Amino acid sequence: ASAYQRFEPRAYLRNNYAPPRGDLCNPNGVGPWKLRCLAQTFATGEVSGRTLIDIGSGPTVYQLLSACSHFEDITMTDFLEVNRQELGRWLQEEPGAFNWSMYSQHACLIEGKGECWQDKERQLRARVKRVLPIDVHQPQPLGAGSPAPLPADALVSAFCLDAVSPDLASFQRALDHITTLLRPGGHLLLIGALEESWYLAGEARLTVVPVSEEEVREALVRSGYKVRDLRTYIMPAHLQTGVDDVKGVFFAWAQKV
């Protein structure tokens, strides 16, 4: 965990959201696959409400694009100050923000509502009310009196739990912890790495718990979810680049009983 004290948001973005993994042109790439899942899922319209919270946003916004059109109050979170700062730069259109436009575009491409991408980005930026510090290891991750409407109508998290838990159990408790933020009946949209054991972010070298699909199923079940959809994307040869050892990527649409 103290390893996260050397994490570099720029180097992370560059490693995971710039070419090649971030060249969205090939539909068989991982960025399209993620966006498509998110988009397909909301497009069902069974996932809806007023508030929503993103767990462990890090410096990234893509996980929220298709989403932001179904929830008026969006809360973003991360454990580091430096990421919350990077998010800020893009939320306020400040100088040196990261360019998510190619993502917004595909968001718009995939949803098929003929929306323009500036509209999408504007809708997001407006609906993100607050960026909050968070620790998923605490039994009350946000703290005591968090400015976040609780309980949330849904949650979204990508590459967080799997990335901050040393081992399976640690993962499992982390899940329990955030599931407390989710209203009963609410939805969890979860994305993470499959059989990833490390990944770089500049000077930082994070050690991670290589999870599998069945392990993710069993763990959502244990935390009290009905698994509505669980899908697996296998990382293709040319997307393996020595910033990590990830083998595939999972997406899960879970409902709290």
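Note that residue numbering begins at 1 and tracks the sequence as displayed.
Comparing 96 to 104 with 146 to 154, where is the mean C-alpha B-factor higher?
Mean B over CA atoms: larger for 146 to 154.
Out of 107 to 115 and 76 to 84, which one has CA B-factors that are higher on average in the deposited record?
So the stretch with the higher mean C-alpha B-factor is 76 to 84.
Using the B-factor values recorded in the entry, state whether the Cα atom of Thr51 falls in the lowest, middle or highest third among the modelled residues of its chain.
It belongs to the highest third of the chain when residues are ordered by C-alpha B-factor.
Going by the entry, which third of its chain does the Cα temperature factor of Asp162 land in?
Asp162: CA B-factor falls in the middle third of its chain.
Just say lowest, middle or highest third for the CA B-factor of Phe251 relative to the other modelled residues in its chain.
For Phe251, the deposited C-alpha B-factor lands in the lowest third.
What third of its chain's C-alpha B-factors does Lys120 belong to: lowest, middle or highest?
Ranked within chain, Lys120 CA B lands in the lowest tercile.
Would you mind checking where the Cα B-factor of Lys226 ranks among the modelled residues of its chain, as the lowest, middle or highest third?
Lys226: CA B-factor falls in the highest third of its chain.
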